[PDB]
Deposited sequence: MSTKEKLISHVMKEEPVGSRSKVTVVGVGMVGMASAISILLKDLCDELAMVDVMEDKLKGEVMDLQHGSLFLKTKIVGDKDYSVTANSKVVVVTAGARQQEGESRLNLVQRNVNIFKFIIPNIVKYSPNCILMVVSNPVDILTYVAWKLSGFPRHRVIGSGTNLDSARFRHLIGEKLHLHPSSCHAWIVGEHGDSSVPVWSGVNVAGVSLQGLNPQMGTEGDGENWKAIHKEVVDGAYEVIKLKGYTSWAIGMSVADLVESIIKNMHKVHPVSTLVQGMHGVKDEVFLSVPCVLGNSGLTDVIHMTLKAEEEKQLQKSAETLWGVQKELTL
């Protein structure tokens, strides 16, 4: 044949195979936005996709294969989980009148099928849980997977902190990366915007505006936080989905892991014994991320009323968790 006339294999032993392999579970818009952001940034040597909707999957994966010229990653995708084998990272994005309990249980049924097959072909992978709710669901994945605490991570408040920095940048006319601000705790309505850490170039903003975040504030910084959390709702109440920002925040998280940067990200993780948290639950706090997974946590010096909010959420979170069939 032509291939033979043209090429002679000069390697005796079997190829070592991919080494930065990432798998994205789920091909809804959140998976594809995660996948295309990962590919566009050259973060891994192989990207695998997986979902129960076989046709939808094959169309996504065929489409991305067709751009292989502008990329640097091998792309695979299949319904069988042997396609995900030997991943370093597995980003889980599969998802959901009705009760929160019960909406949670369904999402947990979904995880019951997925996790075992992931563990089966990627025993040493790091799980990065992305589907909502993320705090409880990272927990589910963690006990429902057997992995050591450090290999099970929830995306937590990463995007919201990003979104919070973006909104603060627009108010100030500064690029987002020059505005520093952190949102922690339970992702969504009950998250904690830590006003004492909001600074530009180490200059405390609350320092310049002591009422920042309170009812005495003449500039309604609290509404910015509310805007961050109403984020997904406003976008979906507009184009009927959310994806882009999340996908970019996923690739950001993944780059920190695969390049072993020891970078600090607000992500969801086991917080028992932090800030008075009694129960075994997951919440976002600043965490160190590398290729070992989540290696370290940062202890922010939180005021009493902020530790309190974190304790109340853990109770609400643990309320639901005790009701779960795992």
### Summary
Gaps relative to the deposited sequence fall at 1, 98 to 101
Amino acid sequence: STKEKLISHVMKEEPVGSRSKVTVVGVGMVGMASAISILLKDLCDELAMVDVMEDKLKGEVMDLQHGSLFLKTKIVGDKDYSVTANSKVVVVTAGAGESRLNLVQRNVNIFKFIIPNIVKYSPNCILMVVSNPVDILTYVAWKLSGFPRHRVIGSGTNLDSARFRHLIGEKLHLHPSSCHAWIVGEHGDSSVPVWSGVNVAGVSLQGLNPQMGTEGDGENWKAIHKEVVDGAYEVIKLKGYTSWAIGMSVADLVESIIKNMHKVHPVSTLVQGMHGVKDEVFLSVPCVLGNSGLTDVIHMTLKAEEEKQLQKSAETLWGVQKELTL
From here on, numbers count along this sequence of modelled residues.
### Query
Out of 186 to 194 and 159 to 167, which stretch has the higher average CA B-factor listed in the record?
186 to 194
### Message
When the Cα temperature factors in the entry are averaged, is it 172 to 180 or 214 to 222 that ends up higher?
### Response
214 to 222
### Task
Return the residue from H66, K263, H299, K278 that has the highest Cα B-factor in the entry.
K278
### Summary
Based on the PDB entry, the highest CA temperature factor among the options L144, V83, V250, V203 is that of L144
## Note on the structure
Of the three thirds of the chain ranked by Cα temperature factor, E98 occupies the highest
### Summary
Quick tally, chain-level thirds of C-alpha B-factors: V130 sits in the middle
### Query
What third of its chain's C-alpha B-factors does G154 belong to: lowest, middle or highest?
lowest
### Query
So where's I36 on the chain's Cα temperature factor ranking, which third?
lowest
### Query
Would the CA B-factor of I118 place it in the lowest, middle or highest third of its chain?
highest
